[PDB]
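Here the Cβ positions follow ideal geometry from the backbone for every residue, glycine too, while neighbour counts run over all protein chains shown. Bear in mind that the values in this text are calculations on the coordinates, not laboratory data.
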Amino acid sequence: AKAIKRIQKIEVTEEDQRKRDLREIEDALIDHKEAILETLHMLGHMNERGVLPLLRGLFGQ
Amino acid sequence: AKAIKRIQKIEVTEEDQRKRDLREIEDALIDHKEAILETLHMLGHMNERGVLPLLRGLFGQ
Amino acid sequence: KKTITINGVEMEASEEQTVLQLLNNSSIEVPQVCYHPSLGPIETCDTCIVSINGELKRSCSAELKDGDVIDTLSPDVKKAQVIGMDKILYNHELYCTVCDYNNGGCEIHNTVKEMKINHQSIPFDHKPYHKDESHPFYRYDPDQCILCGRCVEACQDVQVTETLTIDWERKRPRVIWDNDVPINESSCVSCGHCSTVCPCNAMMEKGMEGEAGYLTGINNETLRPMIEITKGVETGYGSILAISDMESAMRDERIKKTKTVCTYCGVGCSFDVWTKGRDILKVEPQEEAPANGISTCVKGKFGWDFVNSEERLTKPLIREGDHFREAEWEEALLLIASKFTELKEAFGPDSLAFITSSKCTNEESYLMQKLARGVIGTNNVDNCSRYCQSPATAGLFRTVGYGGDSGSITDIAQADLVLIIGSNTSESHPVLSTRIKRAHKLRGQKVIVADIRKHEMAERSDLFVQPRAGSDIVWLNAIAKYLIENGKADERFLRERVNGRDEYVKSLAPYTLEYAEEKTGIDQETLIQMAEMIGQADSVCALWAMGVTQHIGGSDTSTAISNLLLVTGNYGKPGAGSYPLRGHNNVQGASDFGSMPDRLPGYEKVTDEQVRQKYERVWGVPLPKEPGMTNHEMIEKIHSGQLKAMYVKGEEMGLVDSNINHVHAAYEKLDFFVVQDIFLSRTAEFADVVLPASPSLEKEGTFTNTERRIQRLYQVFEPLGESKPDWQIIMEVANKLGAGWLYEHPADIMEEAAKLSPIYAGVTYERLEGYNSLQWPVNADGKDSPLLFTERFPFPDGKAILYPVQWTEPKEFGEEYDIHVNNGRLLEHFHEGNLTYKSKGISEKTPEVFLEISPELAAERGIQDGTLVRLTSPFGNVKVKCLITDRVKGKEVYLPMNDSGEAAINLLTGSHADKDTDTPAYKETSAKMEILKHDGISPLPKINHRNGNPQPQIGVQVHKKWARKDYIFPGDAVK
Ligand SMILES: Nc1nc2c(c(=O)[nH]1)N[C@H]1C(S)=C(S)[C@@H](COP(=O)(O)OP(=O)(O)OC[C@H]3O[C@@H](n4cnc5c(=O)[nH]c(N)nc54)[C@H](O)[C@@H]3O)O[C@H]1N2
Ligand SMILES: Nc1nc2c(c(=O)[nH]1)N[C@H]1C(S)=C(S)[C@@H](COP(=O)(O)OP(=O)(O)OC[C@H]3O[C@@H](n4cnc5c(=O)[nH]c(N)nc54)[C@H](O)[C@@H]3O)O[C@H]1N2
Ligand SMILES: CCCCCCCCCCCCCC(=O)O
Ligand SMILES: CCCCCCCCCCCCCC(=O)O
Ligand code: SF4
Ligand code: SF4
Ligand code: SF4
Ligand code: SF4
Ligand code: FES
Ligand SMILES: [Mo+4]
Ligand code: NA
Ligand SMILES: [S]
């Protein structure tokens, strides 16, 4: 066909890009699932032990 | 019936596995709900006390 | 034969020419800051001080004699090594934790570490010079320079550019570019050699600056006091060297180092790409690289900017009237399947042509032809070898039977004589030419250059003859006639290994010295010298390129070169052979995998019913029996309503086919046009569908270079956006047509193809892992063929064939066209510059095309640098600025290909092609020149390498350093 240069780009809406970015963060959590799960267990123990409430009170007051 | 060995596995799609993995992370948050809630309260106080803004500025500048 | 005793223990010496070479093989600790195996000994660092028979001597230069008592452990030898290191440390500041060269491979760093050094006797004193950061690609930091001369050895004796020298005669020596000019304004060709061989950060790539380290991003304003604080605090070198080692280890998280094969020319340079995310930090050459070693040119070392160009196509484009619509991959593939099936049903399978890219991999060439023959059902396949070495392979097929070079680049560097015909070897095959230049400069290799333009090879040649364009076969036939008749031909070789001798001598009848002098213009006396040099040389490598083949008699002139080599007995032995230099990075491999209308992979003829039947059983479908169209012929068949579709991958046909006005006219007529490329090329503008392809760095696969050397490339980056690697695209197009191909990696494509192609039978990805390579023919046992025709020639009787060839007069354009427009490439630019214009650094020193006018023609037409002229031929016209230089003579001008519009050389060229291979005769272009503007800025800036002033010399001139008053040999520090 004849020579053309103009390209009409595909519309990536604000909401579409937001989903792509959030999905990228979701995939990173999925990849580091074990590390997150372990962090949550560790965090749960810090709360059971005196640690998290003590820090909440140290900054609270 | 006659002897067969071939097993036709059930299709776990990429999106199905993503939901399973995210749901596993959700369940861990639900289990450590109190610890997370306590961390958030402590974090809120760090911000009120101007500790988080100080750190934001220390790294920002 | 030699027996020595090192450190008390005695052991026999093998072929180790030096004491250091033996110590290294024996795994004995010895510092060697200035020793790099690719360069050889320099004797500048003075850290290899070992005691050869009680005498303290530099082991890198010390020759290993029989019965030598070498000691590398006594307190005096160690006290001498530390003294040599103290001078290195006085000229180099250690700041490793915040240095980009602290990547575990720094020779100063690891030597200070190996020597268990904790203090520095001579404090670091800054040199009285500023950093030379003028060049776009690399920079010089004189304060970090240890004056080892590794960069000087590389520039002078390895690269043979001769820009770098060390001003030893100065109060505080430093590396100088030309006669101490800024790097950017010097003759520095930007090859990268000096940065590669530098043992520290003294010469580094600007890509590495602030990127490699975790703390190197800290602005020099804050980082400088940090270094001064650390220097003062420092307890010992070993303490802060451990801190720097931990940080160096951490860099492995960020920096990714991946082996790849250069996407540019046929030299086949392989190297590691250092990438932090998507940023290319540096192209790090490796000694293990089979074709190049540590050698690179500006294109492979620094011309990779295009991979990250904002112009990279990331989405398929479907034409929607007067514009391109960005569309999903599914709709683009569905449309290609619907239209390809439509033209195949209504007009036949032969109404669809397919163009393979010699930029793409062997597997991608194989899949394009499997799509054309096995899926569409046509033999209309081809690649840019049509405009390139089709005449050279036709010549080799007629005489020696294999469509490739006779040997390796190592054989070229070994040759007694190198005959170069119509080949700008240092600009088109830079790393291959470094082997010839070094051999001529140091080993005394004879170099004969036959060319119409005085290029680097012509300037450095032992004999530079200038024959008239197209007359090359006339002098080639005359050299053979004189050598045969004067009894100087290798009659022993011709006897048992050659056929058609008497018919050959009958065809040489018209080519007498008088006829050659008359037609070529080379006098009879110099013709005698050429014949004597060729005949008396024990081993002769004949390297030819587009100066020979881009002609009407290009196939015949190529055959004449092979015939001459047969006569002089230069085949089947190391250091000799026919070397038609392969153009693209993978032109050899694209042809090797059947991207030719007449042949299937492994060069097995299409019309061969036995070959076709083999592929029918494996592919599960019948193959078309009749051959197809050539790349050039394809536009004629569109113009005659025979070709309704074209699938062109990675080929800029809209600018590289001859007579681009006729090619563009054909494009408007064409029913369906699919262009697959990494950018919206000139050709892609005429496409109905453009598919975003991924370049070499974004895919895996293999390339076959000029030496028939199959090399594997590893993926550096993941494919950008929705661009897919070419094999994945070709496979997805075929699958849309019901092919059902199930490849998962190019290695799957290679396994299928190795079984079918006999010359690739033993090729497996396992045999090509890392820097490993295989030269074809590779039998199923994995045994490759580095040197062809050692045992026999691949013909039924094992004998080569002398092929009768006639001179075909080059096409005459007419009396009105008095300018012979010679055309070619430039060292820095690759063709129209679709890849190299994206490189900002290359564009900075060569921003545009230019027309080389001789000082004679410039005087006659009143031309100055920048004069806009209009070359007009019977096919089109170009408007181009002028550049005066004695590189071009009389009425022959030179127009390089680096332009995509007004000055596109293929607007002048005609559709006339070689009579046997249809290779467009690009070196047979005439035109008339009309002045348009008189005053204009010169098209070649002051910073271009061609505006330099090299300082040729043998070595580093280390004797000048020893002649100084301040020089005291570390070994001499006894009393
Ligand atoms: N830097 C760079 N290197 C490249 C390329 C690139 O674009 N840039 N392209 C690659 C490709 S695809 C190609 S094919 C190869 C080949 O590359 P070469 O063939 O080495 O390159 P060109 O300069 O096109 O060759 C033309 C040379 O032959 C001379 N010449 C012209 N006509 C005649 C004639 O009739 N007789 C004689 N004796 N000499 C003649 C010209 O003056 C010039 O020296 O280079 C590859 N290497
Ligand atoms: N006047 C004149 N004309 C000539 C010549 C001459 O000497 N004089 N030389 C002739 C010869 S020898 C040759 S080989 C041709 C060179 O002509 P081509 O073979 O067309 O060469 P390049 O201009 O390098 O075009 C390469 C194209 O491939 C694209 N590309 C790069 N990497 C990839 C990849 O991985 N995948 C895909 N799909 N595309 C990619 C680039 O963006 C570019 O558009 O020129 C020919 N034309
Ligand atoms: C110190 C460890 C900090 C870990 C930060 C975790 C960030 C969690 C992001 C959660 C994103 C939710 C995804 C979504 O809402 O779509
Ligand atoms: C230092 C403590 C770090 C705690 C990390 C918390 C991670 C939060 C994960 C949030 C996941 C959201 C679930 C979802 O989007 O489906
Ligand atoms: S060049 Fe090597 S020795 Fe010098 S500061 Fe950098 S890492 Fe250390
Ligand atoms: S040409 Fe330039 S980059 Fe190459 S070795 Fe010489 S000075 Fe260094
Ligand atoms: S610039 Fe040259 S002399 Fe200086 S350290 Fe680097 S390679 Fe050695
Ligand atoms: S000589 Fe060829 S393969 Fe080697 S770096 Fe230069 S362009 Fe790449
Ligand atoms: S390696 Fe011997 S003096 Fe440098
Ligand atoms: Mo080519
Ligand atoms: Na280096
Ligand atoms: S080529």
Nearest-0.05 FRET efficiency for C:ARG172 and C:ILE954 at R0 = 35 Å, using Cβ-Cβ distance, is 0.90
Report the dimensions of segment C:832-935 along its three principal axes from the alpha-carbon atoms, largest first, rounded to Å.
43, 36, 23
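Using Cα pairs under 8 angstrom and six or more residues apart, how large is the relative contact order of chain C, in percent? If you can, show how the numbers build up before the last one.
Working: 2259 pairs, mean separation 144.6, N = 975.
15 percent.
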With the dipole of chain C defined by +1 on each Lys or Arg Cβ and -1 on each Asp or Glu Cβ, the option from C:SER591, C:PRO574, C:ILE968 whose Cα lies farthest towards the positive pole is C:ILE968
Charge tally in the Cβ shell below 11 Å around C:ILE759, where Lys, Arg are +1 and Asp, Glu are -1, C:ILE759 excluded:
-2
Largest first and to the nearest Å, give the Cα extent of segment C:425-536 along each principal axis.
40, 34, 23
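How large is the Kirkwood hydrodynamic radius of segment C:900-958, counting all unique pairs of alpha carbons, in Å? Kindly include the intermediate steps, with their values, before the conclusion.
Numbers: mean 1/r = 0.0603 Å⁻¹.
By the Kirkwood definition, the hydrodynamic radius is 16.6 Å.
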With a ≥ b ≥ c from the Cα gyration tensor eigenvalues, square-rooted, and the rule rounded for a/c under 1.5, otherwise prolate when a/b > b/c and oblate otherwise, segment C:584-658 is oblate
At a 10 angstrom cut-off on C-beta neighbours, averaged per residue, how do the peptides C:510-516, C:959-965 rank from highest to lowest?
C:510-516, C:959-965
What are the distances, in nm and sorted shortest first, from the label point of A:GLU24 to the label points of the same position in each other copy, with each label point placed 7 Å from Cα along the Cα-to-Cβ direction?
2.5
With the label 7 angstrom out along Cα to Cβ, how close does B:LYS2 come to the same site in each of the other copies, in nm, nearest first?
6.7
Counting only DSSP loop positions in segment C:558-625, the trypsin sites (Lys or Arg not before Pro) whose Cβ has at most 16 other Cβ atoms within 10 Å are C:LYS625
Please tell me which of these pairs span more than 30 angstrom C-alpha to C-alpha: C:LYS131/C:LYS845; C:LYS206/C:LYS881; C:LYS65/C:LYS441; C:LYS605/C:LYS724; C:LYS299/C:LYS879; C:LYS282/C:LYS724?
C:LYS206/C:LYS881; C:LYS605/C:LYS724
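What is segment C:1-89 by shape, rounded, prolate or oblate, if you read a ≥ b ≥ c off the alpha carbon gyration tensor as root eigenvalues and call it rounded for a/c under 1.5, prolate for a/b larger than b/c, and oblate otherwise?
oblate
In deg cm²/dmol, rounded to 500, what helix-only [θ] at 222 nm does chain C give when every DSSP H run of at least 4 residues adds -39500 (n - 2.57) and the total is split over its residues? Please report the intermediate quantities before stating the final value.
Working: 32 runs with 279 residues, N = 975.
Dividing the helical sum by the residues of chain C leaves -8000 deg cm²/dmol.
Once you average over the residues of A:40-47, how many Cβ atoms of partner chains fall within 10 Å of each Cβ? Show your work: numbers first, answer last.
On the way: counts 10, 4, 2, 6, 8, 2, 4, 9.
Counting Cβ atoms of other protein chains within 10 Å of each residue's Cβ and averaging gives 6.
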Computed lengthening from C:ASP538 to C:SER338, 0.36 nm per intervening residue step minus Cα-Cα distance
65.9 nm
If each residue of separation counts as 0.36 nm, what is the full-extension length gain between C:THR258 and C:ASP886 once their alpha-carbon separation is subtracted?
221.8 nm
Counting other Cβ atoms within 10 Å, keep those with at most 10, restrict to DSSP loop, and tell me which GluC sites (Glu not before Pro) in chain A are left.
A:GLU11
Hey, rough spin-label estimate for C:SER121 and C:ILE243, points 7 angstrom out along Cα→Cβ, what's it come to in nanometres?
2.6 nm
Of A:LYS9/C:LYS644; C:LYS614/C:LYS649; C:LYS339/C:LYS669; C:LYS315/C:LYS649, which pairs sit farther than 19 Å apart, going by alpha carbon to alpha carbon?
A:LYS9/C:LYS644; C:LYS614/C:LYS649
If the label point sits 7 Å along Cα→Cβ of C:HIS934, residues of segment C:851-869 with amide N under 11 Å come out as C:862-864
Largest-first principal axis extents of the Cα set of chain B (Å):
75, 30, 14
Across segment C:620-664, how large is the tail of the calculated P(r) beyond 18 Å, expressed as a percent of all Cα pairs?
37 percent
Indicate the gyration tensor shape class of the protein assembly as shown (rounded, prolate or oblate), computed on the Cα atoms with a ≥ b ≥ c the square roots of the eigenvalues: a/c under 1.5 is rounded; otherwise a/b larger than b/c is prolate and the rest oblate.
oblate
Residues of C:382-388, mean number of Cβ from any other protein chain within 10 Å of their own Cβ, rounded to a whole number?
0
